[PDB]
Amino acid sequence: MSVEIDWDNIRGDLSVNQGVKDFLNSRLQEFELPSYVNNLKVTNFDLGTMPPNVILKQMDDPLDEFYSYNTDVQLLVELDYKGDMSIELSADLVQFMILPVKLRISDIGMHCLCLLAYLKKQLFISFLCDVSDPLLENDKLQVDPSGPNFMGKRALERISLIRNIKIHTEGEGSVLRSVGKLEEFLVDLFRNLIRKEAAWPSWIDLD
């Protein structure tokens, strides 16, 4: 039941692109940047040249909680994304001196179940879980929003939706001791940002 997807058209739409930088930054600066970093924003988001393998699993109406203080629709979906996605960053290092640096993230790998809710001229992406999550293979997590005790307790047990992720940066010195705490940090941060801000109960909220 595969959903085909005009990736060229989507990839081009800058109403989205901006919307996801904004989503990234907004949520990124709720965090506690350590002492060796300042002025950490997302410069540029770039989608893959190639799309994810979208597969429709179900149609429902958008959850009541997608309603905020038909022609709407809400697709439950399998996302196999082994694509070539890239998020570009801006950062400052720190203490007798400051160096500006530049980073990419790549190799974003998710094989994952996910709600996609077009309502009021406005899309929401809430990732549910990794498809290989043990917590489905044993039932014990209700992932049907039909559908009582949907996402009930034991949601917190979920495995990471990020299956893999690459991150490189742009005299040597022991400053390389720091670009390695950072690349370590941004990863371990950026996983949390997905787990907490794009995975249900949260979501990305574009137009």
# chains A, B, ... in the order shown; residues from 1 in each chain; ligands from 1
>>> residues_around(residues="residue 136 of chain A", least_positions_apart="3", cutoff="12 Å", atoms="only C-alpha atoms", output="compact mmCIF listing (two decimals) with N, CA and C atoms, in the first residue's frame")
# COMPACT_ATOMS: atom_id res chain seq x y z
N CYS A 112 10.61 3.45 10.90
CA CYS A 112 9.82 4.06 11.95
C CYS A 112 8.37 4.25 11.55
N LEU A 113 7.50 4.15 12.55
CA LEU A 113 6.07 4.33 12.39
C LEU A 113 5.67 5.75 12.81
N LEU A 128 6.04 7.84 15.98
CA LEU A 128 5.49 6.97 17.02
C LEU A 128 6.60 6.13 17.59
N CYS A 129 7.24 5.34 16.74
CA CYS A 129 8.36 4.52 17.18
C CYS A 129 9.11 3.89 16.02
N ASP A 130 10.22 3.25 16.39
CA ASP A 130 11.00 2.42 15.48
C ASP A 130 10.20 1.16 15.24
N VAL A 131 10.09 0.75 13.98
CA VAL A 131 9.25 -0.39 13.60
C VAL A 131 9.70 -1.69 14.28
N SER A 132 11.01 -1.81 14.49
CA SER A 132 11.63 -2.96 15.13
C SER A 132 11.63 -2.88 16.65
N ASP A 133 10.98 -1.85 17.18
CA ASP A 133 10.79 -1.71 18.61
C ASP A 133 10.24 -3.04 19.10
N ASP A 139 3.20 -6.85 21.41
CA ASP A 139 2.07 -5.98 21.73
C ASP A 139 2.55 -5.14 22.95
N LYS A 140 1.65 -4.72 23.83
CA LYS A 140 2.03 -4.00 25.06
C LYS A 140 2.28 -2.50 24.85
N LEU A 141 2.05 -2.00 23.63
CA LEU A 141 1.99 -0.55 23.36
C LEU A 141 0.95 -0.30 22.26
N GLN A 142 -0.20 0.28 22.61
CA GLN A 142 -1.28 0.44 21.62
C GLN A 142 -0.99 1.61 20.69
N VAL A 143 -0.60 1.30 19.45
CA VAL A 143 -0.26 2.33 18.46
C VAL A 143 -1.37 2.58 17.42
N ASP A 144 -2.61 2.30 17.81
CA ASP A 144 -3.76 2.63 16.98
C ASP A 144 -4.51 3.73 17.71
N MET A 151 -1.03 4.85 23.07
CA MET A 151 0.24 5.36 23.58
C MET A 151 0.31 5.38 25.11
N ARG A 154 4.34 2.97 29.45
CA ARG A 154 5.30 2.15 28.70
C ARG A 154 5.70 2.82 27.37
N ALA A 155 5.17 4.02 27.11
CA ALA A 155 5.63 4.82 25.99
C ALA A 155 7.08 5.22 26.21
N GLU A 157 9.47 3.70 27.52
CA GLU A 157 10.43 2.62 27.26
C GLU A 157 10.97 2.59 25.82
N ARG A 158 10.28 3.23 24.88
CA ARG A 158 10.61 3.14 23.45
C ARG A 158 12.09 3.22 23.11
N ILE A 159 12.48 2.51 22.05
CA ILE A 159 13.84 2.57 21.54
C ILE A 159 13.98 3.79 20.64
>>> residues_around(residues="segment 11-18 of chain A", least_positions_apart="5", cutoff="9 Å", atoms="only C-alpha atoms", output="JSON, numbers by chain")
{"A": [6, 23, 44, 45, 46, 47, 48, 49, 206, 207]}
>>> closest_residue(among="A:42, A:24, A:115, A:56", to="residue 196 of chain A", atoms="only C-alpha atoms")
A:24
>>> atom_distance(atom1="atom CA of residue 65 of chain A", atom2="atom CA of residue 119 of chain A")
12.1 Å
>>> residues_around(residues="residue 166 of chain A", least_positions_apart="2", cutoff="9 Å", atoms="only C-alpha atoms", output="ChimeraX atom specification")
/A:104-108,164,168,187
>>> residues_around(residues="residue 197 of chain A", least_positions_apart="5", cutoff="12 Å", atoms="only C-alpha atoms", output="PDB file with N, CA and C atoms, in the first residue's frame")
ATOM      1  N   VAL A  20      11.057  23.914   9.382  1.00  0.00           N
ATOM      2  CA  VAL A  20      11.766  22.868  10.144  1.00  0.00           C
ATOM      3  C   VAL A  20      13.090  23.370  10.739  1.00  0.00           C
ATOM      4  N   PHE A  23      11.559  24.947  13.653  1.00  0.00           N
ATOM      5  CA  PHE A  23      11.228  23.921  14.625  1.00  0.00           C
ATOM      6  C   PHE A  23      12.490  23.484  15.331  1.00  0.00           C
ATOM      7  N   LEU A  24      13.554  23.266  14.565  1.00  0.00           N
ATOM      8  CA  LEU A  24      14.793  22.802  15.158  1.00  0.00           C
ATOM      9  C   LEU A  24      15.320  23.822  16.148  1.00  0.00           C
ATOM     10  N   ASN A  25      15.569  25.046  15.697  1.00  0.00           N
ATOM     11  CA  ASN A  25      16.088  26.089  16.586  1.00  0.00           C
ATOM     12  C   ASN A  25      15.215  26.283  17.808  1.00  0.00           C
ATOM     13  N   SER A  26      13.962  26.635  17.592  1.00  0.00           N
ATOM     14  CA  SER A  26      13.049  26.872  18.702  1.00  0.00           C
ATOM     15  C   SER A  26      13.264  25.908  19.877  1.00  0.00           C
ATOM     16  N   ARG A  27      13.356  24.615  19.556  1.00  0.00           N
ATOM     17  CA  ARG A  27      13.406  23.539  20.557  1.00  0.00           C
ATOM     18  C   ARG A  27      14.819  23.298  21.064  1.00  0.00           C
ATOM     19  N   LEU A  28      15.786  23.669  20.221  1.00  0.00           N
ATOM     20  CA  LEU A  28      17.236  23.510  20.429  1.00  0.00           C
ATOM     21  C   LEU A  28      17.763  24.424  21.521  1.00  0.00           C
ATOM     22  N   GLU A  30      16.005  25.433  24.055  1.00  0.00           N
ATOM     23  CA  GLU A  30      15.470  25.142  25.380  1.00  0.00           C
ATOM     24  C   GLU A  30      16.524  24.380  26.163  1.00  0.00           C
ATOM     25  N   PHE A  31      17.535  23.895  25.456  1.00  0.00           N
ATOM     26  CA  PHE A  31      18.563  23.080  26.064  1.00  0.00           C
ATOM     27  C   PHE A  31      19.612  23.924  26.780  1.00  0.00           C
ATOM     28  N   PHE A 124       1.249  18.170  10.755  1.00  0.00           N
ATOM     29  CA  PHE A 124       1.940  17.736  11.954  1.00  0.00           C
ATOM     30  C   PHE A 124       2.570  16.384  11.705  1.00  0.00           C
ATOM     31  N   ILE A 125       3.838  16.244  12.089  1.00  0.00           N
ATOM     32  CA  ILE A 125       4.510  14.961  12.073  1.00  0.00           C
ATOM     33  C   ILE A 125       4.823  14.587  13.496  1.00  0.00           C
ATOM     34  N   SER A 126       4.204  13.513  13.958  1.00  0.00           N
ATOM     35  CA  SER A 126       4.553  12.915  15.229  1.00  0.00           C
ATOM     36  C   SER A 126       5.093  11.515  14.941  1.00  0.00           C
ATOM     37  N   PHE A 127       6.359  11.262  15.275  1.00  0.00           N
ATOM     38  CA  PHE A 127       6.933   9.918  15.116  1.00  0.00           C
ATOM     39  C   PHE A 127       6.445   9.071  16.270  1.00  0.00           C
ATOM     40  N   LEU A 128       6.038   7.843  15.978  1.00  0.00           N
ATOM     41  CA  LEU A 128       5.490   6.970  17.016  1.00  0.00           C
ATOM     42  C   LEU A 128       6.598   6.132  17.594  1.00  0.00           C
ATOM     43  N   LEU A 189      22.496  15.244  22.190  1.00  0.00           N
ATOM     44  CA  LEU A 189      21.424  16.239  22.299  1.00  0.00           C
ATOM     45  C   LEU A 189      20.359  15.991  21.256  1.00  0.00           C
ATOM     46  N   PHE A 190      20.794  15.902  20.008  1.00  0.00           N
ATOM     47  CA  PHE A 190      19.875  15.888  18.882  1.00  0.00           C
ATOM     48  C   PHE A 190      18.956  14.662  18.875  1.00  0.00           C
ATOM     49  N   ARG A 191      19.425  13.562  19.455  1.00  0.00           N
ATOM     50  CA  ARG A 191      18.580  12.391  19.670  1.00  0.00           C
ATOM     51  C   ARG A 191      17.439  12.763  20.609  1.00  0.00           C
ATOM     52  N   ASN A 192      17.796  13.400  21.722  1.00  0.00           N
ATOM     53  CA  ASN A 192      16.826  13.858  22.712  1.00  0.00           C
ATOM     54  C   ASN A 192      15.809  14.806  22.151  1.00  0.00           C
ATOM     55  N   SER A 202       4.781  14.626  21.385  1.00  0.00           N
ATOM     56  CA  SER A 202       5.146  15.899  20.799  1.00  0.00           C
ATOM     57  C   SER A 202       4.955  15.827  19.304  1.00  0.00           C
ATOM     58  N   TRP A 203       5.386  16.861  18.601  1.00  0.00           N
ATOM     59  CA  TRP A 203       5.446  16.794  17.153  1.00  0.00           C
ATOM     60  C   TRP A 203       6.082  18.022  16.526  1.00  0.00           C
ATOM     61  N   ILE A 204       6.453  17.847  15.273  1.00  0.00           N
ATOM     62  CA  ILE A 204       6.847  18.933  14.421  1.00  0.00           C
ATOM     63  C   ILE A 204       5.557  19.504  13.919  1.00  0.00           C
ATOM     64  N   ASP A 205       5.480  20.822  13.807  1.00  0.00           N
ATOM     65  CA  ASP A 205       4.220  21.481  13.447  1.00  0.00           C
ATOM     66  C   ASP A 205       4.444  22.555  12.387  1.00  0.00           C
TER      67      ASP A 205
END
>>> atom_distance(atom1="atom CA of residue 71 of chain A", atom2="atom CA of residue 1 of chain A")
22.0 Å
>>> residues_around(residues="residue 58 of chain A", least_positions_apart="5", cutoff="8 Å", atoms="only C-alpha atoms", output="mmCIF file with N, CA, C and O atoms, in the first residue's frame")
data_model
loop_
_atom_site.group_PDB
_atom_site.id
_atom_site.type_symbol
_atom_site.label_atom_id
_atom_site.label_comp_id
_atom_site.auth_asym_id
_atom_site.auth_seq_id
_atom_site.Cartn_x
_atom_site.Cartn_y
_atom_site.Cartn_z
ATOM 1 N N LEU A 75 -2.839 10.195 8.418
ATOM 2 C CA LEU A 75 -2.260 8.943 7.911
ATOM 3 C C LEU A 75 -1.230 8.321 8.868
ATOM 4 O O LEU A 75 -0.194 8.924 9.151
ATOM 5 N N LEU A 76 -1.509 7.116 9.350
ATOM 6 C CA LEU A 76 -0.493 6.313 10.036
ATOM 7 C C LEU A 76 0.382 5.668 8.979
ATOM 8 O O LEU A 76 -0.123 5.162 7.981
ATOM 9 N N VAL A 77 1.691 5.674 9.200
ATOM 10 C CA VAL A 77 2.642 5.483 8.115
ATOM 11 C C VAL A 77 3.900 4.766 8.595
ATOM 12 O O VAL A 77 4.351 4.979 9.713
#
>>> closest_residue(among="A:200, A:36, A:98, A:123", to="residue 150 of chain A", atoms="only C-alpha atoms")
A:200
>>> atom_distance(atom1="atom CA of residue 81 of chain A", atom2="atom CA of residue 7 of chain A")
12.9 Å
>>> select_by_dssp(residues="segment 19-95 of chain A", states="strand (DSSP E or B)", output="ChimeraX atom specification")
/A:37-46,53-60,73-81,86-93
>>> select_by_dssp(residues="chain A", states="alpha helix (DSSP H)", output="VMD selection string")
chain A and resid 7 to 12 14 to 28 134 to 137 176 to 197
>>> residues_around(residues="residue 188 of chain A", least_positions_apart="4", cutoff="12 Å", atoms="only C-alpha atoms", output="count of residues only")
15
